[PDB]
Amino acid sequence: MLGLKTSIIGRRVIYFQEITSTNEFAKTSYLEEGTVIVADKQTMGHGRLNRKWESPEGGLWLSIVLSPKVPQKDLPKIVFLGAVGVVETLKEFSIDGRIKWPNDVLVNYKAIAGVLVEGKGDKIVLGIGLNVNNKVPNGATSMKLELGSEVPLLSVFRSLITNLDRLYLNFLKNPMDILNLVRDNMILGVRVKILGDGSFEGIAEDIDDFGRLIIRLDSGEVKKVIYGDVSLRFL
């Protein structure tokens, strides 16, 4: 009855009034590629390293089952599909979302959405959390807070699913194409602190042909950052 016209993402949608985590459900259950798992609220939503992701009613909490037939070295770019998808949807609603490498979307430097990809090969789960009309943690923001009015959640869902479907289809044909879109919508040219085994500061210059963040330290040394167990902070 939703009348979705997408080719892959959204062929099937499983909705929950409440769930522990859409990513956990998606990873665990036997689901066809393109299946979208969405819930009004999550009781155990999570980000990277089991950090908690607040998921109250009013927001868009979903996961998408993917089985991308592309080289293993390209799988790390899946997170960008989610980030760009969110950015395109925000722009459709006249909200200036910008990417904080490699999985967050900010509006005026305040987090409005986060992406979490989990997947060991042939089954990849793309999780996306976007604050729409829900209350948010201090320092974060939402579409409602940005526009000054409630936003039809279903409309945001339709927009995002349509964008992701298109982005995914092109990714299957040309895995490298997404990098250009990320670059055009990413926060760059500013000082950042990279936190991992130790830490360093520098100018976030660009992302390379693999999606690695290129940082120029004051010494002139160039470091290529692989996203994994590393966080980025603005100075």
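Note that residue numbering follows the sequence shown and begins at 1.
The stretch 120-128 shows the higher mean C-alpha B-factor when 120-128 is compared against 80-88 in the entry.
Between the stretches 136-144 and 159-167, it is 136-144 that shows the larger average CA temperature factor.
Across the options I226, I9, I215, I19, the residue with the most elevated CA B-factor in the record is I226. Considering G97, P102, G114, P71 together, the PDB entry gives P71 the largest C-alpha B factor. Sorting the modelled residues of the chain by their CA temperature factor places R48 in the highest third. For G198, the recorded CA B-factor ranks within the highest third of the chain. Only modelled residues enter the ranking. In the deposited entry, the Cα temperature factor of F210 sits in the top third of values across the chain's modelled residues. In this PDB entry, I64 carries a Cα temperature factor that places it within the lowest third of its chain's modelled residues. In the deposited entry, the Cα temperature factor of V192 sits in the top third of values across the chain's modelled residues.
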